[PDB]
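What follows is the content of protein_21.csv (CSV, C-alpha atoms).
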```csv
chain,number,residue,atom,x,y,z
O,11,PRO,CA,78.2,152.9,-64.1
O,12,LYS,CA,76.6,149.7,-62.8
O,13,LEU,CA,75.9,146.3,-64.5
O,14,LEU,CA,72.4,145.0,-64.3
O,15,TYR,CA,72.7,141.2,-63.9
O,16,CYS,CA,69.6,138.9,-64.6
O,17,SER,CA,69.9,135.5,-62.9
O,18,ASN,CA,67.2,134.0,-65.2
O,19,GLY,CA,69.7,133.2,-67.9
O,20,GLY,CA,72.7,134.7,-66.3
O,21,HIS,CA,73.0,137.8,-68.5
O,22,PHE,CA,74.0,141.4,-68.1
O,23,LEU,CA,71.5,143.9,-69.6
O,24,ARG,CA,73.0,145.4,-72.8
O,25,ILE,CA,72.1,148.4,-75.0
O,26,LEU,CA,73.8,148.3,-78.4
O,27,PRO,CA,74.6,151.3,-80.6
O,28,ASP,CA,71.8,150.5,-83.1
O,29,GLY,CA,69.3,150.6,-80.1
O,30,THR,CA,68.9,146.8,-79.8
O,31,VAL,CA,68.4,145.7,-76.1
O,32,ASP,CA,69.5,142.2,-75.1
O,33,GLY,CA,71.7,140.3,-72.7
O,34,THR,CA,75.3,139.1,-72.6
O,35,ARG,CA,77.1,136.9,-70.1
O,36,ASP,CA,80.5,138.6,-70.9
O,37,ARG,CA,81.5,140.9,-68.0
O,38,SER,CA,83.9,142.8,-70.3
O,39,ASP,CA,81.2,143.9,-72.8
O,40,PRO,CA,81.4,147.8,-73.2
O,41,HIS,CA,77.7,148.1,-73.8
O,42,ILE,CA,76.6,146.6,-70.5
O,43,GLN,CA,77.7,149.7,-68.5
O,44,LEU,CA,74.7,151.5,-67.3
O,45,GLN,CA,73.8,154.6,-65.3
O,46,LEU,CA,70.8,154.4,-63.1
O,47,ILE,CA,69.5,158.0,-62.8
O,48,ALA,CA,66.8,159.2,-60.4
O,49,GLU,CA,63.8,161.3,-61.4
O,50,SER,CA,61.6,161.2,-58.3
O,51,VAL,CA,62.4,158.7,-55.5
O,52,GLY,CA,62.1,155.2,-56.8
O,53,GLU,CA,61.7,156.4,-60.4
O,54,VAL,CA,64.8,155.8,-62.6
O,55,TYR,CA,66.2,156.2,-66.2
O,56,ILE,CA,68.5,153.4,-67.2
O,57,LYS,CA,71.2,155.0,-69.5
O,58,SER,CA,73.9,153.4,-71.7
O,59,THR,CA,77.2,155.0,-70.6
O,60,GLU,CA,78.8,154.1,-74.0
O,61,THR,CA,76.1,155.4,-76.4
O,62,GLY,CA,74.0,157.7,-74.2
O,63,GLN,CA,70.8,155.8,-75.2
O,64,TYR,CA,68.0,155.3,-72.6
O,65,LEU,CA,66.3,152.0,-72.0
O,66,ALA,CA,62.6,152.3,-73.0
O,67,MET,CA,59.5,150.1,-73.4
O,68,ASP,CA,57.0,150.9,-76.2
O,69,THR,CA,53.2,150.5,-76.3
O,70,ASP,CA,53.7,147.1,-77.9
O,71,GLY,CA,55.6,145.9,-74.7
O,72,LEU,CA,59.0,146.0,-76.5
O,73,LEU,CA,62.3,147.2,-75.1
O,74,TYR,CA,64.4,149.5,-77.2
O,75,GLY,CA,67.3,152.0,-76.7
O,76,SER,CA,66.0,155.6,-77.2
O,77,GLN,CA,68.3,158.3,-78.5
O,78,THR,CA,66.7,160.8,-76.1
O,79,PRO,CA,64.7,160.4,-72.9
O,80,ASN,CA,60.9,160.3,-73.1
O,81,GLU,CA,58.0,159.0,-70.9
O,82,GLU,CA,58.7,155.5,-72.2
O,83,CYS,CA,62.2,155.6,-70.5
O,84,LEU,CA,61.0,155.9,-66.9
O,85,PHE,CA,60.9,152.8,-64.7
O,86,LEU,CA,59.7,152.3,-61.1
O,87,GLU,CA,62.5,150.6,-59.2
O,88,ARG,CA,61.9,148.1,-56.3
O,89,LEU,CA,64.2,146.1,-54.0
O,90,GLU,CA,63.2,142.9,-53.5
O,91,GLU,CA,64.3,140.8,-50.6
O,92,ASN,CA,67.2,138.8,-52.1
O,93,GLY,CA,69.1,142.0,-53.2
O,94,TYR,CA,67.7,141.9,-56.7
O,95,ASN,CA,65.7,144.8,-58.1
O,96,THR,CA,62.7,144.9,-60.4
O,97,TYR,CA,61.9,147.6,-63.0
O,98,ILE,CA,58.3,148.2,-63.9
O,99,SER,CA,57.5,150.4,-66.9
O,100,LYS,CA,56.1,153.8,-65.4
O,101,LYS,CA,53.9,154.3,-68.5
O,102,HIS,CA,52.5,150.7,-68.4
O,103,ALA,CA,52.7,150.0,-64.6
O,104,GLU,CA,49.0,149.2,-64.5
O,105,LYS,CA,49.6,146.2,-66.8
O,106,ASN,CA,52.7,145.1,-64.6
O,107,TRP,CA,55.0,145.2,-67.6
O,108,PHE,CA,58.6,144.7,-66.5
O,109,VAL,CA,62.1,144.9,-67.9
O,110,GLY,CA,63.1,141.2,-68.3
O,111,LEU,CA,65.5,138.9,-70.0
O,112,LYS,CA,64.6,135.4,-71.3
O,113,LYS,CA,66.9,132.4,-70.4
O,114,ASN,CA,68.5,132.8,-73.9
O,115,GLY,CA,69.4,136.4,-73.1
O,116,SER,CA,66.9,138.1,-75.4
O,117,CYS,CA,64.5,140.6,-73.9
O,118,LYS,CA,61.1,139.8,-72.6
O,119,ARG,CA,58.0,141.6,-73.9
O,120,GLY,CA,55.7,143.4,-71.4
O,121,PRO,CA,52.7,141.1,-71.4
O,122,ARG,CA,55.0,138.0,-70.9
O,123,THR,CA,56.3,139.4,-67.7
O,124,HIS,CA,54.8,139.6,-64.2
O,125,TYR,CA,55.6,139.6,-60.5
O,126,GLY,CA,57.1,136.3,-59.5
O,127,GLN,CA,59.4,135.6,-62.5
O,128,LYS,CA,63.2,135.2,-62.4
O,129,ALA,CA,63.2,137.1,-65.7
O,130,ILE,CA,62.4,140.4,-64.0
O,131,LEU,CA,65.1,140.2,-61.3
O,132,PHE,CA,68.3,142.3,-61.8
O,133,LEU,CA,71.2,142.6,-59.5
O,134,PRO,CA,73.1,145.9,-59.8
O,135,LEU,CA,76.8,145.1,-59.7
O,136,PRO,CA,80.0,147.3,-59.8
O,137,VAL,CA,81.8,147.5,-63.2
```

Representation of the structure as structure tokens:
Amino acid sequence: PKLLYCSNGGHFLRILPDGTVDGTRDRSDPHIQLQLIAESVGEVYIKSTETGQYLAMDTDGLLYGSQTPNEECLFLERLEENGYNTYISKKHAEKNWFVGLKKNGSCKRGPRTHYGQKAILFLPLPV
């Protein structure tokens, strides 16, 4: 597993058993342990190690935790000069919708994200 740390609000990406996606600052949270799994080079699923759920973004730009993988669960990974990664929705890449966390640790919605934001920067860390 890895943790995905957002420096915008200082939160680890979290997928809860009920499929809620948000952020917590607590390093010890069981639900922040993630597996980044390759499809093709630079394409990844982001999977909850605890629940088995996959991070996904819906057609309304909303993040949720999917019981099973689908086309909404693929993200295009990029590093990013300062060691942080970005994750753009594969399905909505043309809109530049990203995985992001607000300063208050709740998720960002696709249209409210874009290249250049701190919200979209995640640092993969060891558990």

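CA of residue 122 in chain O sits 25.5 Å away from CA of residue 135 in chain O.
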
*Which polymer residues have any atom within 9 Å of an atom of range 74-83 of chain O, counting only C-alpha atoms, with same-chain residues fewer than 2 positions away left out, as a ChimeraX atom specification?*
/O:25-31,54-58,61-69,72,85,99-102

*Around (77.9, 149.5, -59.9) in the file's frame, which residues reach within 12 Å when counting all atoms listed in the file? Return as a list in words?*
residues 11, 12, 13, 14, 15, 42, 43, 44, 45, 46, 133, 134, 135, 136 and 137 of chain O

*Between CA of residue 39 in chain O and CA of residue 60 in chain O, what is the spacing in Å?*
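Computing the Euclidean distance for CA of residue 60 in chain O and CA of residue 39 in chain O yields 10.5 Å.
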
*Counting all atoms listed in the file, which of O:131, O:51, O:111, O:23 gets nearest to residue 91 in chain O?*
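For residue 91 in chain O, the nearest of the candidates is O:131.
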
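Each of O:113, O:105, O:24, O:41 was compared to residue 127 in chain O using only C-alpha atoms, and O:113 turns out to be the nearest.
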
_Please compute the CA of residue 97 in chain O-CA of residue 120 in chain O distance, one decimal, in Å._
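Separating CA of residue 97 in chain O from CA of residue 120 in chain O is a distance of 11.3 Å.
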
*Rank nothing, just name the residue among O:33, O:20, O:126, O:52 nearest to residue 88 in chain O, using all atoms listed in the file.*
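For residue 88 in chain O, the nearest of the candidates is O:52.
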
_Top pick for closest residue to residue 118 in chain O, considering O:47, O:89, O:84, O:130 and counting only C-alpha atoms_ = O:130

_Which residue is closest to residue 90 in chain O? Choose from O:35, O:128, O:112, O:21 and count only C-alpha atoms._
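Ranked by minimum distance to residue 90 in chain O, first place goes to O:128.
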
*From the set O:106, O:50, O:92, O:18, which residue has the shortest atom-to-atom contact distance to residue 124 in chain O, counting all atoms listed in the file?*
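Ranking O:106, O:50, O:92, O:18 by distance to residue 124 in chain O, first place goes to O:106.
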